Amino acid sequence: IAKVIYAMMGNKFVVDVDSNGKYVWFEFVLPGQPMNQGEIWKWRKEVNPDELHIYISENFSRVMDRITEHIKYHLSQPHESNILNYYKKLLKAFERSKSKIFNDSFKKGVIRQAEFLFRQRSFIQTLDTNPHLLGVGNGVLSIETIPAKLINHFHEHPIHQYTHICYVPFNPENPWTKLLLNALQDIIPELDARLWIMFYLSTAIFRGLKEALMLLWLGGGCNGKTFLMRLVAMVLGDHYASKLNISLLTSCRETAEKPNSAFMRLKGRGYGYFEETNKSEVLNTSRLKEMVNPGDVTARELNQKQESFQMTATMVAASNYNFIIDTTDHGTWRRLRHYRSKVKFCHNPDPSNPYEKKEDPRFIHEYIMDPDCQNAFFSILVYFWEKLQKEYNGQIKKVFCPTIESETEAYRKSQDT
Amino acid sequence: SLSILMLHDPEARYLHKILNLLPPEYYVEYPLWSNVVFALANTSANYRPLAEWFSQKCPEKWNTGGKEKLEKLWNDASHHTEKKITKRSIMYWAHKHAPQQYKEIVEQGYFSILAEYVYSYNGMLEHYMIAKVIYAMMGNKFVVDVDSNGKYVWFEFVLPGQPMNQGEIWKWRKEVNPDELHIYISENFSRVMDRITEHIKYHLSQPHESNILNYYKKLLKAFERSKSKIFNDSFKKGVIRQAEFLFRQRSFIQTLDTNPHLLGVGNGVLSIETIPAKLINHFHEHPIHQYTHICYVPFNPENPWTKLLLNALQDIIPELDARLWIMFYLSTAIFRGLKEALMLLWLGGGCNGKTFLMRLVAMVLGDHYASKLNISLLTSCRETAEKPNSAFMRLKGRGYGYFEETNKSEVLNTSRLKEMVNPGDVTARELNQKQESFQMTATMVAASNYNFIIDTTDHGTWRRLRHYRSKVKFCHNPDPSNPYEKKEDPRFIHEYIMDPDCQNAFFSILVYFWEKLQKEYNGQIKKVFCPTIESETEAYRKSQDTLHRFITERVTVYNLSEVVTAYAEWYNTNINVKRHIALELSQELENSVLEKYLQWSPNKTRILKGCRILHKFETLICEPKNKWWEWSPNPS
DNA sequence: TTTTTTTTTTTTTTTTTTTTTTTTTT
DNA sequence: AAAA
Ligand SMILES: Nc1ncnc2c1ncn2[C@@H]1O[C@H](COP(=O)(O)OP(=O)(O)NP(=O)(O)O)[C@@H](O)[C@H]1O
Ligand SMILES: Nc1ncnc2c1ncn2[C@@H]1O[C@H](COP(=O)(O)OP(=O)(O)NP(=O)(O)O)[C@@H](O)[C@H]1O
Ligand SMILES: [Mg+2]
Ligand SMILES: [Mg+2]
Numbered sequence: 418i419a420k421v422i423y424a425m426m427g428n429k430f431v432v433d434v435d436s437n438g439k440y441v442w443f444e445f446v447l448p449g450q451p452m453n454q455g456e457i458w459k460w461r462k463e464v465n466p467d468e469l470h471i472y473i474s475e476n477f478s479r480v481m482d483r484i485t486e487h488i489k490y491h492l493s494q495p496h497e498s499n500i501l502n503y504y505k506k507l508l509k510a511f512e513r514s515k516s517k518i519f520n521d522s523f524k525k526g527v528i529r530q531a532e533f534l535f536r537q538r539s540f541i542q543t544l545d546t547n548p549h550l551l552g553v554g555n556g557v558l559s560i561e562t563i564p565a566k567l568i569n570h571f572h573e574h575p576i577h578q579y580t581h582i583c584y585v586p587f588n589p590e591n592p593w594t595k596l597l598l599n600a601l602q603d604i605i606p607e608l609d610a611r612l613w614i615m616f617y618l619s620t621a622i623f624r625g626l627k628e629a630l631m632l633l634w635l636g637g638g639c640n641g642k643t644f645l646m647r648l649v650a651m652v653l654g655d656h657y658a659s660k661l662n663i664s665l666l667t668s669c670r671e672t673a674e675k676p677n678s679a680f681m682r683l684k685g686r687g688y689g690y691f692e693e694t695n696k697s698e699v700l701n702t703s704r705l706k707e708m709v710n711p712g713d714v715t716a717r718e719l720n721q722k723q724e725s726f727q728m729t730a731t732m733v734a735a736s737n738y739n740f741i742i743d744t745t746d747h748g749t750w751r752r753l754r755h756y757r758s759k760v761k762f763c764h765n766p767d768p769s770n771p772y773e774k775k776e777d778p779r780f781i782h783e784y785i786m787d788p789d790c791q792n793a794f795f796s797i798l799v800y801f802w803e804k805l806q807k808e809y810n811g812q813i814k815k816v817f818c819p820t821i822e823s824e825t826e827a828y829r830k831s832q833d834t
Numbered sequence: 289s290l291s292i293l294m295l296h297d298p299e300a301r302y303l304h305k306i307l308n309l310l311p312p313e314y315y316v317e318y319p320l321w322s323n324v325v326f327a328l329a330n331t332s333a334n335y336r337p338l339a340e341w342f343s344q345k346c347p348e349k350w351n352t353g354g355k356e357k358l359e360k361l362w363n364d365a366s367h368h369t370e371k372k373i374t375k376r377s378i379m380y381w382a383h384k385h386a387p388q389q390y391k392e393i394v395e396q397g398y399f400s401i402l403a404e405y406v407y408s409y410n411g412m413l414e415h416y417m418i419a420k421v422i423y424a425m426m427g428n429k430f431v432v433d434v435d436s437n438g439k440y441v442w443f444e445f446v447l448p449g450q451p452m453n454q455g456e457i458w459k460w461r462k463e464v465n466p467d468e469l470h471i472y473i474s475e476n477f478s479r480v481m482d483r484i485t486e487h488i489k490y491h492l493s494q495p496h497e498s499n500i501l502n503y504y505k506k507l508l509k510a511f512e513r514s515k516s517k518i519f520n521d522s523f524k525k526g527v528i529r530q531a532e533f534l535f536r537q538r539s540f541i542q543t544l545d546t547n548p549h550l551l552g553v554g555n556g557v558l559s560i561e562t563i564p565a566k567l568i569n570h571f572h573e574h575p576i577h578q579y580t581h582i583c584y585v586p587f588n589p590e591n592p593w594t595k596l597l598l599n600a601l602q603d604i605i606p607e608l609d610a611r612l613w614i615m616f617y618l619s620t621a622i623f624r625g626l627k628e629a630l631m632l633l634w635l636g637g638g639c640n641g642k643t644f645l646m647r648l649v650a651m652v653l654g655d656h657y658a659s660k661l662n663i664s665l666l667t668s669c670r671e672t673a674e675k676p677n678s679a680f681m682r683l684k685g686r687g688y689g690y691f692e693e694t695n696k697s698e699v700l701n702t703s704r705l706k707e708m709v710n711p712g713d714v715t716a717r718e719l720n721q722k723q724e725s726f727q728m729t730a731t732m733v734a735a736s737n738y739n740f741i742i743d744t745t746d747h748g749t750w751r752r753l754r755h756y757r758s759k760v761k762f763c764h765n766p767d768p769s770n771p772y773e774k775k776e777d778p779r780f781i782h783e784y785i786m787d788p789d790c791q792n793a794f795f796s797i798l799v800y801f802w803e804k805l806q807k808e809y810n811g812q813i814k815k816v817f818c819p820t821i822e823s824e825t826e827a828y829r830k831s832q833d834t835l836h837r838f839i840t841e842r843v851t852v853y854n855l856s857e858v859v860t861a862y863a864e865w866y867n868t869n870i871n872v873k874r875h876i877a878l879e880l881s882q883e884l885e886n887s888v889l890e891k892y893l894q895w896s897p898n899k900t901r902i903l904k905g906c907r908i909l910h911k912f913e914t915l935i936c937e938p939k940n941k942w943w944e945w946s947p948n949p950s
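Below you can see the structure in the form of structure tokens.
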């Protein structure tokens, strides 16, 4: 029955041996079937194939009915005696075996046998390898060519992870788009700094090897930080972006030990951020350098064998005070960027000061959970990435910003006692 | 063209039959008719003719109205990935309006299913041919989903009149292994087998040919052996394992308890979606699992416990504005969504309200929604790298946490402060689990006897803080002429907390106050006015801010290096004999009151003037009638 | 400072059955 | 006695 089943649906299930050595089942979802939210046209991991069990017991049964009626038909026609005896014996034996497909143990055995037929070697390690494909709420998004194209039909791209944010083409006339643009312009007035900081955040959707560069900007308080940073993470989803822990920077070098789960984040991610400090901390000038170099790094999860992975994710960190850096080598201090906020939100925005605006205690407690604003923000990000790619050929350093590489080099003129 | 769908889909006919059962009296009015239309629209998108068939009844409303508004509602429900109402409500309504006459339909139906199987397979019953029948019988009381670990889990909807714990009616409960399903298979399902047996006997009695009688005899003999396998343990386990697939409802665990406007109470489920709060104590469909064991009653001041609690609470803190503010802040604990990044921190001499009100709220909200935490989450540094921390894995979904212990005066940290009060996110690990990031939303308070040590001046640490101190004292010797002293009652603690009735009264008080705040200040806790607070707090801010004390106590140009040395020695002389490596002093120096004395020396040093370095001694509201809880007037 | 111990694998996975099953029925 |  395993051969027959593989004939029936060999195009909707794939089996491969995971890291731990136990077989796992993947299946391709199609519209109009019971399913989670926003994972259409994508492979979903399945601990135990229940759809296969119900298919075996229901749809495969119809074929057995065809066999039974064929047996009855050939029994109807007149023939010899011995042939009729043979057909009667065959029919009775088959009837005894007709109900075995409903038994639980038999189905488990059938599934275990089918695990060998369905196997497709080299499927896990080829999954989500292409950095030009993004899993979105209403399909999979392609950024191979400009303009970006949305795939919402059949394909063969092995896409597993996704974000639950539906994608629409960038329309500035949408009320959410205009509101986000206005609030964003209010966050930072300078045009050049705004364009540069948006270009830096646009590359987060990419997942291949990027330019070695770090972003680090502090604020006095009640500033736009932790609003747009958390907004980007919410848009990207935990699959592609997640928060980190400052202990990966402020603490000492991670001792040999054995496992490391906190560092096991940012493996396959494209974006991470820190927004907690106290007084000021040192960054060790190391244990971050390999977190920004476009190379690989090695660590291991809980009760799992040692492994190494590439370092491909845009980084950013916020605080309230300045950071402590003690070095002058050209190798470091070259892949760092610093910004300082110039605005402040409060309930009493005293006039005559442009660096002061009325606070709206609604951008945080809501306006993040609303899906439509997230869709608009995703449109903004994809538009900006397209612009950067078609203008500067994907080089964040080639863009020019007078405010940056002036304040940052002024910081370089400090910290050099 | 409902007839074709009737032909194609039996369930369609069955559902239409259910419509046939219940009276159209509730179909007449728009609300319930729209409800049933939405419900059937949730089940696929091709059942439109069935409701359309249901629409011609009373066609006066249907045409010119109902007809077009039906398709309007269908289109609306088409694009509303929102709260779902399904056929279960229709079945419950049919059971309500027309009991004891609808059931015969359902027994006929699954008797037909079982008979179809037994005829198709000559009485050889296996697994999954009883799973279908069981799912047909009880498909509205069990749901199966897969949790993170990969294990299948069973949930069941409880109903009144069945064995259960205290106060978990109308809510789902997790079960490791479904008992009720096993007893149901063994006992209730057996009755259908009797129907099959008697049907076989009946058709055996009727006169027929020889061959057909032989066939019926063989069928009966075969079925008899299979009739007794439903009592076998291994067979029941196989049936359960097979039925696990049919019962599965994808995206159930991840949508469980997600709505922050629903609370599980001892006598049902409470909804604070609208004002006033509505108590649901009947059938519903919201996925509520966790609960508190406190029954809810509408807020009534006439209850003796309510009056006693109000009087005692007023006795705890005299000031009207402070009382209203601190009650408004505590009322937000019932909410579980994003809140204002605010924290309360109040201390007293002893035998006061500290470590008392927090406990009462703690018991009222139950361990599911509120819990006590450990102060080491504040007065200690972060754990090294990725050492698992199960203490932090409290407050995951909790709405309230409190602190009650300190050792003299110690630091508070700010990293943890800016981590556990923000409406942002947080990540951590507990033990033998992978890293996890969970949204955190909980009002927090801390009780102590001594002040906390704060070393910072920015908004990022001072915006989120509030401070209060007690003004009474409970003891057995109530010295007269001192209103800040009351005869203690050693009975509010050793009892009056374990009593359920006072807990119910306090919960009523809390929900009433939350409703008041929501309808008055639109949910903005910062918008409310309190003169005692935001003055005592800023007075605390006028302490713990040694820079201004140094400026007013000890303050040519002398450059800049003298300032940090002067600050350090002043610290040693007045605060602590230790340095503070305050190289940064320059920026908050100019942020302090030093701009007028600020100088810019030609030797590329921006410095200070007027450096008269003093070394030793060389020098140069209303009150209510009887109801304070009545919210007072609009200014209040 | 103590860095390692605590956590970790685990750890049950063969029994369940299956088959037979003689007896019964042919 | 072989089959169910
Ligand atoms: N309004 C009240 N009227 C009378 N007695 C009260 C009142 N409130 C509390 N009490 C009593 O006063 C005591 C309260 O103790 P408690 O509040 O725990 O002290 P505390 O504030 O925590 N200081 P400490 O316990 O030393 O940390 C109990 O005996 C209560 O019964
Ligand atoms: N145009 C605007 N854009 C963004 N935020 C705004 C705007 N106008 C007002 N705000 C306020 O900015 C807040 C978001 O900033 P918020 O994260 O609260 O500051 P913060 O810097 O993170 N606090 P902290 O981390 O301690 O410095 C919102 O809650 C609003 O009250
Ligand atoms: Mg902010
Ligand atoms: Mg107390």
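Taken in sequence, the protein lines are chains C and B.
Residue numbers for the first sequence follow PDB author numbering, so the first one is 418 and each next one is one higher.
Numbering-wise, the second sequence is residues 289 to 843, 851 to 915, 935 to 950 according to PDB author numbering.
Beta carbons: idealized from backbone N, C-alpha and C, even for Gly.
Could you tell me the distance, in whole angstroms, from the CA atom of residue i to the CA atom of residue j?
i      : j      : result
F817/B : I614/B : 11 Å
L567/C : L558/C : 5 Å
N588/C : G689/B : 45 Å
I622/B : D433/C : 47 Å
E561/B : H549/B : 5 Å
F838/B : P606/C : 37 Å
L626/B : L645/B : 23 Å
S522/B : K524/C : 16 Å
Pick out whichever of the options has its Cα sitting closest to the Cα of residue i.
i             : options                        : result
residue 835/C : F511/C, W750/C, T594/C, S619/C : Nothing can be reported for residue 835/C, as the shown portion of chain C is limited to 418 through 834.
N737/C        : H755/C, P676/C, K722/C         : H755/C
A424/B        : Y409/B, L402/B, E444/B         : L402/B
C346/B        : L903/B, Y579/B, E317/B         : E317/B
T643/C        : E693/C, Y800/C, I518/C         : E693/C
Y504/B        : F519/B, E486/B, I418/B         : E486/B
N871/B        : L909/B, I741/B, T729/B         : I741/B
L293/B        : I518/B, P311/B, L310/B, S332/B : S332/B
Go ahead and pull the three-state DSSP assignment for residue i.
i      : result
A629/B : coil
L310/B : coil
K489/C : helix
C818/C : coil
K462/B : strand
Assuming residue i and residue j make a contact with CB atoms under 8 Å, what is their CB distance in whole Å?
i      : j      : result
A329/B : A300/B : Incorrect: roughly 13 Å between the Cβ atoms, too far for contact.
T729/C : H656/C : At roughly 14 Å, the Cβ-Cβ gap does not stay under 8 Å, so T729/C and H656/C are not in contact.
Task: Contact residues within the stretch 466 to 489 of chain C, judged by C-beta distance below 7 Å to chain B - done: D467, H470, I471, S474
Task: Interfacial residues, the stretch 634 to 650 of chain C to chain B, with Cβ spacing under 7 Å - done: Residues passing the 7 Å Cβ filter: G637, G638, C639, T643, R647.
Open item on the list: So if I threshold CB-CB distances at 9 Å, which residues from the stretch 782 to 802 of chain C count as touching chain B?
Closed with: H782, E783, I785, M786
Task: Chain-ordered residues of the stretch 694 to 709 of chain C with a beta carbon less than 7 Å from chain B - done: So the list reads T694, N695, given in the order they occur along the chain.
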